[PDB]
Each structure stands twice: as C-alpha cells, then as structure tokens.
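Just below is one structure, and these are the notes that go with it.
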Amino acid sequence: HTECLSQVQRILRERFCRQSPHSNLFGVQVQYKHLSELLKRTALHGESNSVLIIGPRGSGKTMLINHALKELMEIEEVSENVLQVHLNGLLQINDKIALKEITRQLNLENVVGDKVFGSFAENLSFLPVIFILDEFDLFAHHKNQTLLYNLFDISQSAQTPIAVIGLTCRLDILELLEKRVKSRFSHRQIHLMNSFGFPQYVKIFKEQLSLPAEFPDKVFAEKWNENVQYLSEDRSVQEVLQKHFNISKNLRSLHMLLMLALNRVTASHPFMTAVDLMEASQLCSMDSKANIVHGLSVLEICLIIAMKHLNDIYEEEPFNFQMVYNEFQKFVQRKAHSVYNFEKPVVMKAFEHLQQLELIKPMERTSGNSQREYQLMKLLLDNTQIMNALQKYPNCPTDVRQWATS
Amino acid sequence: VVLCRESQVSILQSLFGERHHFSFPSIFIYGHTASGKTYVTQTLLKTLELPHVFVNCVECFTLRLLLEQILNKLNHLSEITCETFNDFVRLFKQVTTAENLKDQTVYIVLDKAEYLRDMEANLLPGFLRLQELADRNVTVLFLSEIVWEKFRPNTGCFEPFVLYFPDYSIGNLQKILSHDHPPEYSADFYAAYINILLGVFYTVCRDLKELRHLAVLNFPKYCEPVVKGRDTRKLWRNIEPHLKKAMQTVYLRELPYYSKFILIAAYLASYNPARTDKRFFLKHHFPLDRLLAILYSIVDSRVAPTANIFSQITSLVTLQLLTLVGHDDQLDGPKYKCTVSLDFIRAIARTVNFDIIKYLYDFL
Amino acid sequence: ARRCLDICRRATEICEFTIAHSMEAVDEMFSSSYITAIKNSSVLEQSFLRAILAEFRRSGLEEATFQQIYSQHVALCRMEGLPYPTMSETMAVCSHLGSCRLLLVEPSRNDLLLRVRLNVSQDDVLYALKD
Ligand SMILES: Nc1ncnc2c1ncn2[C@@H]1O[C@H](COP(=O)(O)OP(=O)(O)OP(O)(O)=S)[C@@H](O)[C@H]1O
Ligand SMILES: Nc1ncnc2c1ncn2[C@@H]1O[C@H](COP(=O)(O)OP(=O)(O)OP(O)(O)=S)[C@@H](O)[C@H]1O
Ligand SMILES: [Mg+2]
Ligand SMILES: [Mg+2]
C-alpha cells in the first residue's frame, strides 16, 4: 500500500534526480571495456596513459568513469596505493586555485606549507595517483596552459606513474591545445554517441522504469513489470517516444520526462497511464514566447500590430517611438469615435514595459546622446507567431483583429 | 492566503514529496509582473515549514555578499566569511552536516535572477549543478520575468524544469480585489466598486498592485454620496467625472529672458538643416557659431557678448536641456543637441510672442 | 618519433586482440571524427543541416541569419511531411549543435538574428549526407 508507494518513489527519485549508478549499460560495451582495460594496466603497473572522452552533454560521460572505478578499485589492495584527484573546470578557474586544491586533496599542505607563497617546486620535485578532469575545455583557455603542460610532462616523464583522463563536449578539443602539449598528448580518444535505433530507445525506456529485483514485495514488482510491458506497445506511448526521440536522443531528457510522469502517481493510481505520459509530453513541449504574448494587454497588442505593419512596409529596417505613435494615431483617427483616446505618456510607458520584457532590443546601445525616443528599435517576433497568439487571445476586439488582418 | 492558485501549489507539493525524498536540482519559474511569484512560493514555504533561504539578487550585487548572506542565513537556520566559489562549496558541505539538515532537502530561493547573467560567466552553471557537486540533497529555485531562452549559456548546461504561472482574468482579479473588503460596509458594495473600476480601467491597467492602489486612493470619494445622503444611478452620476479625471493620469501618479531665446535658437539649429538657414534668416537672396549667428539674427536688440550669456549656456547644459556631443577638452569647436519637446518650445515661444512654426523647415 | 612510437604501441595492442594493425592505429589516431559524428546525428539535425546547405546555395554567402534558416527548415519539413516544428525546438537543436563546435553562433542574447557559420568544409558535409 502506501509504504510500497513511498519506497518506490524514493528509489525512482534516487535513480533519476541524483543519477545513482546502475549495472545496466547501453551501447557502450566496447568503450567501457577499453577504458577498464587501460585503467587496470595503469593501476597494476607503473605505466602512464592519457585519454580524452568526447561526447554531447548528458550522454553519461561521468557514468563510464564512475562504473569503471567502482569495478576496478575493489579488485585488490591496489586501491591502497592508488590515489585519486578530481578537478572541475567550473570550480577551479585559476591555476593558483587549482594548485591549492591539488595540494589540499593530496594532504601535503603540512609538507608544502600553509602560506600563499607561489613556489610549487615542493610538489614538483616530490612528484600512483590518477587525475580526473571535468570540463577539460576550460583549462585550455588559461593564460599559458601551465597545468596541462606540467601534467603531460610528468605523464611522459619516468619519475612516477600518472594517468590523465579528460572529459569534453567540444569536438575540436585538439585545436584548442598548443603544439607542444599536443605533441606530448597521447592521441587516445573515446567517442560517446547515442548510436542506437528507435526500438533500442524503446527497450531503454522499458528497462529504466523497471523495478529492481531487490524490492521487498515481489508480486507487486511483477505486476509493475507487466504493467510497464503492456504500456510499452501502446501506440500513444510510442508516439510520445517517437516525438521525443526525433527531438533529442539524450537520456537526460528521457529521465526528466519519466520523473515528471511519475510525479502524477498517487495512491488512487498506483500504475501509470498513457494519458499521463501524453500530459507530461505536452507539459514539456510548450513555447514560452506564445505564452508571454498571450499574457499581454490590449494596448500592447495594438502596438505590436503597428510594429508588424512597420516591418512589412519597410522591409527589415529599424524604427523609433514617433513613427509607431503616428501610425497608431492614424488608426485611431480613421475610425469614427472608438474609445482609444490616450495621451503620449501612457503609450510611452507601455513602450517602456514592452522593452522591459525584452521583446524589443536596441541597436548599438548608447545613452544620453540619444533619448528613449528617436532610438532604433527592432522586433524579435515572427508574423506567424503573432497570428497564432492573436488567434488564442481571449477577448480580442473585432476592430483590432481586422486592423491586424489589413 | 492564496486565491485562484491551486494547480501550481498542488504541482509543487507533489514535486516535493517527503522531506527525506530528493527532487529536481533546478526549477526555473517564469511569469508576468503581477503573477504573484514571490507571494505564492513564500507562503507555500512558510506553510510546509521547510528549511529555506530567501535571497534577492539585487541586494547581493557582489559575489562575496551573495555567498556570505547565504551562509549566514543558513547557519542562523541551523561568523562565516568566504571569497571564492570553491570555498563556498567546501563550506556548504561542512555546514550542511547538521542533524536538522541531515535527511532534509535544502531550498535556496533566488528572486530577480535577471541580473545573474551579468555577474559572472560560471556562476550560473555552478548554481545549476549544485546538487551534483555538493551531493547533499539540495534544490535551487529561480524566479524571473524573462523566458529561459535568454538564460542559456553558450556552452550549454543542466536544463532546469521550466514552469509558468498562469495569467489572471476578470473573475480572478475581481475575487482577489473583493477578498480584502473594508469591514465598515457591505461586501456587495465593495464588489460593485470593483466591478465598475474593472469596467473602466481593465483595457489598459491589468496590474493587480496598480489597480488595488487606484481603488484604495479613490474609495473615499466613492463613499461620500451615501454619507451625504444602494442608489446605483445616483452614485454613478455623482462619481463618473472623478473617474474620468483619474483616468487622465493612469501611470503618472520660469526661465530668464535670454535663456528662452537661447533655447529656441538651439531648437531651430537642431531641427532645421543648415542649407536653409540663410533662406530663413539672411535678409536678401550643430556648431556654436551657427547658434550665435541665429541668436543675433532673431533678437531685435543688439546683445553684447558678455560672459553671462556663456554662463547661461553652461547652466542650460548642466540642467540636461542641451546635451554636449564633442570631447569635454575641446572647448573651441563644441557640439550640442537639443532635447526639448515640441509642445514645450511652442509654449515658451507663445510666452515670448514668437511664431516658431513660420521658421520650421520640416513643417513648411 | 613520438607519434611513430605511439602507432607502434597501438599496433601491438591491436595485435594482442600485420600491416592492418598499423593502418588501424594510424587512421584512428590521426583521422578526424567529424564525418562519423555527422552520420550518427539525429533526423532533425540532418534536416537542419540540409536547410542550411540549401540556403547557402540559394544565397552564396557563408553567413546566414537564423530566420531564413528557420524558414528553409520549415519548407523542408513540409516537403518531408514531418510535423510542424516550434521555434523553441529549433533553437534548442541549434544550441546543441553549437555546443559540440559543429557551428558558430552566440545565442546567449540574440535569438532570431543569429549569424551561423559552418565549422567544417561544405564538401565534407555533402559526402557525409549523401550516404
Ligand atoms: N550508456 C548508458 N548506459 C546507462 N545510462 C546511461 C548511459 N548514457 C547515459 N546514461 C544516463 O544518462 C543520465 C545523464 O547522464 P549524466 O551523468 O548527467 O551526463 P554526464 O556523464 O555527467 O556528462 P556531463 O558532460 O558531465 S553533464 C544518467 O542518469 C546516466 O545513467
Ligand atoms: N494569486 C494571488 N492570491 C492572492 N494575493 C495575490 C495573488 N497574486 C498576487 N497577490 C497579491 O499581490 C501582491 C503583489 O504581488 P507580487 O507578489 O509582488 O507579484 P510578483 O509575481 O512577486 O512580482 P514581483 O516579482 O514582486 S515584480 C502580493 O503581495 C499579494 O498580496
Ligand atoms: Mg558529469
Ligand atoms: Mg515578487
């Protein structure tokens, strides 16, 4: 009952939100085999290696390394001799901070010293330890690439064994390095691509939402497995999966969609429904621009229609406040006695609000020399977007609609 | 309390689950100005009694201030000073180990996040993936008016769950305005007040705060006729002109002699092309010298070039009526621009007994 | 000599698994991976690349705004019968492509007025997309 639902909620939330390790690996057999073999070579012997892993973000780059480490560290007492250092390109933006982190993680600050002294020969002269480098591309943007060069040098040196592992999303990581480090860099690359078809994606979806064999209740788990198996071949679920697979093959989006779908699982509905997945897919695939336009007022809509007319008459040219005001006045004067008698300041405030919402952006920004008036503005919307948004407007008056059509 | 806000609250409560449960690393909430983002989330956090730290981006205009305020408030919930983001991560890991903070999710509410993209390059990506780095059951919320499309960094980062707060309608606005009725009169009286106010001003002013402010300001005049002695027609007839006068201002809430001539000459120099200048001033057929010549032509009396006229010029420059264009060091070829509205210049010319329209080349 | 030694080591590694070993080492540690990355791309990304190529052929310029590219993509989707794509989906695909340095763009602030430049030669794209 309720306790089982709470436990399965916890397990699935841990699986998706935190990305807890799982024994299931998809289409990464050769890559993981190669990486684990090389890690075993670097650990059981004094040989050194340098490898880069290139892939799109969210493609489980970190999972390979984590699984390999959990697989190979516990083999023997080698874990006692092996030391691990982790460096992230986001936290360490300067070489001084990187050196401080390296010293602190190695617990040599007592040996090296506590003060801010720039000398690092204490470690360099003293320098098996493995290095992990997340966001390797950021390190290449340093002033002289000193840390990367020193790491490659000690890797190529014959003093101590050092294994270097880098992670990258850019495919051009080779050209961001200088000639010296590139020559000293062992050209070992692993590529992580989602090289699998739509049926394999469906199998991945079916397996991911499958309860593990360690759950206490067994008949409930079997019923859950049968339910997910049945939901696998439903054509609405397959349509949603086809849409998301066409959009992107990254597993992170799939995990997010599954989490959002599972959010709507309650006691009254212990097992999911295809309509729930349809609702989640609809919630994940709505455009913000149309919503923002829908949330506007009448005066803003009139101003936007005038802006569209200006863009149509003058093909791809900027504009200012005065022309828009003049043609809005023309529109309200052609009509006999419509209730739109507004003065300059209120229209000016409406224009300021529109610019604040960042639907309009200035060109070659300057202030003081040019006022808000007489400033070259441009629109950041498309005609079809305006038409579609105006169709769904709740209480659009007839006059403004016909003016928009004209 | 919250009115017409039940879907989003239910969604958030379902998302949170239990205290020991985990949640998303990043939720990005966006909506309009008067959607009530601050009210709803703060009331929900107070009701659920969760450990949350509320932060304004504008107040913390520097990274050190932001981190120190976050750490101090979190410690008070359970002096600390940090300087770098890595040090902040380490100190956060150290401080989160409290028993009250052991198996509970920590929430960091940030509002007015539009400025975060102008603070540092890597600060936003670091905040997005905080739960991975800390690994300590941490959730970060965002409140903003700009869509997520413009918050995306070039390198791409962990995509937050996007959420939208629905826009308000006539019924919702009327209900919200009619909830806080004054106790000294009937509820239906205030409901009719809100109805007529909406019928007058909903075309332009949809802001809940602004409309409520207008209602608060105008209610005393609404209640006068009954005090003077449920007459709908009487009240409407007595009250209409005041409402029209109020609607005249929805969002709004004597120069020396020679200064007027200087201003009109500057306006003429700015808005009249040079080629026509003689056509308007030479008896027979912008730089400072042009202004001086135009001033000498306009004024019927011979004006001596006393230093006081230059003092007037500089004073007008200071008063932000004339804008200096060229370099400040170059005070032999200075350039000026006039920023006065045309109605103002027409009024001052009328007070001077001068017809500027006869000289404006564009109008002719 | 360094890369020669690396090739010899990799050939020994492969032989552990002839001239074929050395050929595999040299063409794996020197050749570029752009073609296979393009080949393993998604269908929508392929349509986007085809739209970019068509717009470039129509114009002849190496820089194109995001609006014309979007229009060509919509036309190609209509020709292919694919469902109508939203602007947000196209921008997300563009950002994903730009993340791996296949294109060149600054989408942080500009959205509809983004200059797009190909990071690889056009003939390589043609040879990758013909298959
Ligand atoms: N081959 C795979 N087998 C199993 N799970 C996978 C595989 N590829 C990706 N995943 C899952 O995809 C999810 C998202 O991967 P992430 O770990 O967020 O990406 P990443 O490895 O951190 O790469 P970055 O660039 O550091 S964000 C995780 O839950 C992984 O378990
Ligand atoms: N749904 C609502 N129910 C009840 N009162 C509301 C509601 N929405 C807004 N209010 C009231 O309106 C006041 C002003 O709204 P805000 O909370 O300032 O709107 P906001 O979305 O937070 O915009 P910002 O971020 O402050 S510019 C709040 O303090 C509430 O008293
Ligand atoms: Mg990672
Ligand atoms: Mg607020």
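FYI, nothing fancy with the structure tokens labels: chains A, B, ... in order, residues from 1 per chain, ligands from 1 as they appear.
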Quick one: everything within 12 Å of residue 341 of chain B, counting only C-alpha atoms, minus sequence neighbours fewer than 2 positions away in the same chain. Send it as JSON, numbers by chain.
{"A": [344, 371, 373], "B": [263, 264, 267, 271, 321, 338, 339, 343, 344, 345, 346, 347, 348]}
Each residue of chain B with at least one atom at most 9 Å from ligand 1 should appear once, together with its nearest atom pair and the corresponding distance in Å (one decimal); atoms considered: only C-alpha atoms and all ligand atoms; ordering: chain, then increasing residue number; output as a tab-separated table.
```
residue	atom	partner	partner_atom_place_in_ligand_line	distance
B:129	CA	ligand 1	27 (S)	8.8
B:132	CA	ligand 1	22 (O)	8.9
B:157	CA	ligand 1	27 (S)	7.2
B:158	CA	ligand 1	27 (S)	6.7
```
Between chain A and chain C, at 9 Å or less, what are the per-residue closest atom pairs and their distances in Å? Count only C-alpha atoms, order by chain and rising residue number, and return it as a tab-separated table.
```
residue	atom	partner	partner_atom	distance
A:55	CA	C:100	CA	8.0
A:56	CA	C:100	CA	6.7
A:57	CA	C:99	CA	8.4
A:168	CA	C:100	CA	8.9
A:169	CA	C:100	CA	5.6
A:170	CA	C:100	CA	4.2
A:171	CA	C:100	CA	5.4
A:172	CA	C:101	CA	6.6
A:183	CA	C:2	CA	7.7
A:184	CA	C:2	CA	8.0
A:186	CA	C:6	CA	7.3
A:187	CA	C:29	CA	5.7
A:188	CA	C:29	CA	7.0
A:189	CA	C:29	CA	7.9
A:191	CA	C:33	CA	8.8
A:193	CA	C:40	CA	7.3
A:194	CA	C:40	CA	7.6
A:195	CA	C:40	CA	6.3
A:196	CA	C:40	CA	9.0
A:245	CA	C:42	CA	8.5
A:246	CA	C:43	CA	6.4
A:247	CA	C:44	CA	6.8
A:248	CA	C:42	CA	7.2
A:249	CA	C:42	CA	7.5
A:285	CA	C:89	CA	8.3
A:286	CA	C:88	CA	8.4
A:287	CA	C:88	CA	6.1
A:288	CA	C:88	CA	8.0
A:289	CA	C:88	CA	8.6
A:380	CA	C:112	CA	6.4
A:381	CA	C:112	CA	7.7
A:382	CA	C:67	CA	8.7
```
Store the residues picked out above in a file with C-alpha atoms, as an mmCIF file, in the first residue's frame.
```cif
data_model
loop_
_atom_site.group_PDB
_atom_site.id
_atom_site.type_symbol
_atom_site.label_atom_id
_atom_site.label_comp_id
_atom_site.auth_asym_id
_atom_site.auth_seq_id
_atom_site.Cartn_x
_atom_site.Cartn_y
_atom_site.Cartn_z
ATOM 1 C CA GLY A 55 30.543 13.424 -26.213
ATOM 2 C CA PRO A 56 27.377 15.510 -26.110
ATOM 3 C CA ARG A 57 26.302 16.809 -22.727
ATOM 4 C CA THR A 168 34.901 17.195 -23.310
ATOM 5 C CA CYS A 169 31.739 18.193 -25.158
ATOM 6 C CA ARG A 170 33.545 20.109 -27.909
ATOM 7 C CA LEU A 171 34.639 18.042 -30.899
ATOM 8 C CA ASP A 172 37.561 20.414 -31.632
ATOM 9 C CA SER A 183 52.749 16.603 -29.356
ATOM 10 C CA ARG A 184 53.152 15.393 -25.769
ATOM 11 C CA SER A 186 48.903 10.654 -26.318
ATOM 12 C CA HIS A 187 46.260 10.597 -29.047
ATOM 13 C CA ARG A 188 43.839 8.361 -27.120
ATOM 14 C CA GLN A 189 40.231 9.362 -27.790
ATOM 15 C CA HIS A 191 33.691 8.903 -28.508
ATOM 16 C CA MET A 193 27.497 8.826 -29.308
ATOM 17 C CA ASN A 194 23.896 7.646 -28.959
ATOM 18 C CA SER A 195 24.395 5.106 -31.749
ATOM 19 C CA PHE A 196 21.179 3.139 -31.357
ATOM 20 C CA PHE A 245 13.392 10.618 -29.940
ATOM 21 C CA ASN A 246 13.125 12.836 -33.011
ATOM 22 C CA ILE A 247 13.716 15.895 -30.818
ATOM 23 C CA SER A 248 16.769 14.554 -28.976
ATOM 24 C CA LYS A 249 18.361 11.185 -28.216
ATOM 25 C CA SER A 285 6.888 20.921 -25.157
ATOM 26 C CA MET A 286 5.231 24.339 -24.859
ATOM 27 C CA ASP A 287 6.726 27.542 -26.258
ATOM 28 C CA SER A 288 7.343 30.442 -23.887
ATOM 29 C CA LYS A 289 7.045 33.244 -26.460
ATOM 30 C CA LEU A 380 12.101 39.863 -32.102
ATOM 31 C CA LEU A 381 8.981 38.047 -33.313
ATOM 32 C CA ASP A 382 7.655 36.384 -36.458
#
```
What residues in chain B have any atom no more than 6 Å from chain A when counting only C-alpha atoms, and can you write them as a PyMOL selection string?
chain B and resi 21+24+86+167
Could the residues that lie within 9 Å of ligand 3, counting only C-alpha atoms and all ligand atoms, be listed as a PDB file with N, CA and C atoms, in the first residue's frame?
```
ATOM      1  N   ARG A  57      26.630  16.672 -24.138  1.00  0.00           N
ATOM      2  CA  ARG A  57      26.302  16.809 -22.727  1.00  0.00           C
ATOM      3  C   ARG A  57      25.091  15.956 -22.373  1.00  0.00           C
ATOM      4  N   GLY A  58      25.146  15.327 -21.202  1.00  0.00           N
ATOM      5  CA  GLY A  58      24.078  14.456 -20.760  1.00  0.00           C
ATOM      6  C   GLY A  58      24.114  13.052 -21.319  1.00  0.00           C
ATOM      7  N   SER A  59      25.192  12.666 -22.001  1.00  0.00           N
ATOM      8  CA  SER A  59      25.316  11.337 -22.581  1.00  0.00           C
ATOM      9  C   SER A  59      26.029  10.354 -21.659  1.00  0.00           C
ATOM     10  N   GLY A  60      26.002  10.595 -20.352  1.00  0.00           N
ATOM     11  CA  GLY A  60      26.603   9.677 -19.400  1.00  0.00           C
ATOM     12  C   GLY A  60      28.109   9.557 -19.485  1.00  0.00           C
ATOM     13  N   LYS A  61      28.810  10.677 -19.668  1.00  0.00           N
ATOM     14  CA  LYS A  61      30.269  10.644 -19.659  1.00  0.00           C
ATOM     15  C   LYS A  61      30.795  10.228 -18.292  1.00  0.00           C
ATOM     16  N   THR A  62      30.264  10.840 -17.232  1.00  0.00           N
ATOM     17  CA  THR A  62      30.743  10.561 -15.883  1.00  0.00           C
ATOM     18  C   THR A  62      30.424   9.134 -15.459  1.00  0.00           C
ATOM     19  N   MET A  63      29.343   8.564 -15.997  1.00  0.00           N
ATOM     20  CA  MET A  63      28.922   7.228 -15.590  1.00  0.00           C
ATOM     21  C   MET A  63      29.968   6.183 -15.945  1.00  0.00           C
ATOM     22  N   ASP A 134      37.051  17.187 -15.154  1.00  0.00           N
ATOM     23  CA  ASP A 134      35.759  17.517 -15.736  1.00  0.00           C
ATOM     24  C   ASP A 134      35.822  18.884 -16.404  1.00  0.00           C
ATOM     25  N   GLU A 135      35.115  19.017 -17.525  1.00  0.00           N
ATOM     26  CA  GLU A 135      35.133  20.231 -18.341  1.00  0.00           C
ATOM     27  C   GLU A 135      36.567  20.596 -18.724  1.00  0.00           C
ATOM     28  N   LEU A 167      37.419  14.985 -19.981  1.00  0.00           N
ATOM     29  CA  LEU A 167      36.054  14.941 -20.486  1.00  0.00           C
ATOM     30  C   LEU A 167      35.782  16.202 -21.292  1.00  0.00           C
TER      31      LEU A 167
ATOM     32  N   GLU B 132      24.834  18.005  -7.798  1.00  0.00           N
ATOM     33  CA  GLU B 132      25.882  17.048  -8.136  1.00  0.00           C
ATOM     34  C   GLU B 132      27.149  17.312  -7.334  1.00  0.00           C
TER      35      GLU B 132
END
```
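Atom CA of residue 323 of chain B sits 22.3 Å away from atom CA of residue 298 of chain B.
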